[PDB]
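K.L.:
So for the sequence shown, the entry's author numbering puts the first residue at 22; every next one is plus one.
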Amino acid sequence: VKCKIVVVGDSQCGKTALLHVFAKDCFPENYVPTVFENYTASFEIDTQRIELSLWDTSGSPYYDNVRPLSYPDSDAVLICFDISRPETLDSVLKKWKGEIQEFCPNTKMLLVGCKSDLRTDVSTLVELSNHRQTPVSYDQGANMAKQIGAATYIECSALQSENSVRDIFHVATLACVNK
Ligand SMILES: Nc1nc2c(ncn2[C@@H]2O[C@H](COP(=O)(O)OP(=O)(O)OP(=O)(O)O)[C@@H](O)[C@H]2O)c(=O)[nH]1
Ligand SMILES: [Mg+2]
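1. In terms of alpha-carbon separation, which member of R70, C24 and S32 lies closest to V113?
2. Is any non-hydrogen atom of ligand 1 found closer than 7 Å to the C-beta of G30, if you look at the structure I gave you?
3. What alpha helix (DSSP H) runs, 4 residues minimum, are completely inside the segment 22 to 59?
4. Between the segment 140 to 160 and the segment 53 to 64, can you find at least three pairs of beta-carbon atoms closer than 8 Å?
5. Put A62 into one of helix, strand or coil per three-state DSSP.
6. Of all residues in the structure, which have a C-beta closer than 6 Å to any heavy atom of ligand 2, taken in chain order?
7. Quick one: what does DSSP say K115 is sitting in, helix, strand or coil?
8. Apart from the five residues just before and just after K23, which ones in its own chain have a Cβ nearer than 8 Å to its Cβ?
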């Protein structure tokens, strides 16, 4: 069949890189703010090829009135945050959960931790440490997922592991195949 997946989350948390790596098997060479972009892809499940319609959105508040146009008929929504920026995890509870429940009631939500490669990146550890902070831990991610009612919590690194990215869509597809 066909599955519609929409990806939301704060600006620069890694939404576009995640989608580009999965659909185009290519990591973006530069950063360009996204408004809307649509990608097509297909995933095989138990001797079956499912067609995926993927929607990239803007993490910017300036597009709060535009973003909702992509929600209708969504099978699953991936809420992303940046493991290297704890503040982006707060947005999941403060903004994203409420927006999805408002426009996508009954849709399956998946909490996705992006840029896992930075959790052990020395420069990042040092910068965060100089301000009494640490990268988001797996446990913090998992607890947030339960708090907002997400089907599950999963992490990835579009930069270092293409497989971690494919796993996300593998799970997303399964969560929809059996609604
Ligand atoms: N270290 C690391 N950097 C990443 C990873 N993914 C994306 N980035 C970097 O993070 C920046 C923003 O990533 P994007 O994918 O464009 O972010 P976005 O969430 O789509 O941003 P908006 O369109 O503004 O909402 C870029 O400079 C990427 O190169 C990742 O897995 N690891
Ligand atoms: Mg983007």
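We treat Cβ as the ideally placed atom computed from N, Cα and C, and that holds for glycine.
P.N.:
The short version:
1. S32
2. yes
3. 36 to 45
4. no
5. strand
6. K36, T37, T55 and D77
7. helix
8. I71, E72, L73 and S74
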